[PDB]
Amino acid sequence: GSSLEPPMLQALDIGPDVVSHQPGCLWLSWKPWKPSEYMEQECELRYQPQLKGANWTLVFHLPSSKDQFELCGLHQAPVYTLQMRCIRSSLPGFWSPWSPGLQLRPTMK
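Counting from 225, one number per residue, gives the positions in the sequence shown under UniProt numbering.
Below you can see the structure in the form of structure tokens.
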């Protein structure tokens with residue numbers, strides 16, 4: 225949610241060498257809170273192709289905190305958008321509000 229120190233989600237430095245060489249791939253990364261304690265909740269990622277129209281696609285099996293998310297198969301819009309949502313492990317009841325992520329231009333092809 226939104227306590228003292230709020231969570232943040234951004235993309236990764238991709239474009240030039242992106243470390244290795246993939247056939248068009250992106251890289252994300254985010255972190256909720258976790259004050260050095262246990263707790264194994266769960267989180268999902270969201271990414272839609274920002275263009276004339278869009279249907280928004282989702283992702284699951286995501287770790288509360290990712291070190292270098294790796295997505296691939298993005299080709300349809302000129303710019304892509306990405307947000308983030310979270311919840312507990314198996315307690316479906318609120319899912320909190322969709323936190324705002326960011327928008328940028330991924331691989332060119």
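The beta-carbon is built from N, C-alpha and C at its ideal position, and this holds for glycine as well.
Query                                                                              : Result
Nearest residue (CA-CA) to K333, options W322, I311, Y304, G325                    : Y304
Rounded separation between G277 and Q300 - CA only                                 : 10 Å
C-alpha gap between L250 and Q307, whole angstroms                                 : 14 Å
CB contact flag (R270, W322, <9 Å)                                                 : yes
Rounded C-alpha distance that separates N279 from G297                             : 15 Å
heavy atom of the ligand NAP below 8 Å from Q307 C-beta                            : With respect to the ligand NAP, the structure offers nothing, as it holds no ligand at all.
Burial state of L282, where buried means 16 or more other Cβ atoms lie within 10 Å : exposed
Distance CB(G325)-CB(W254) smaller than 9 Å                                        : yes
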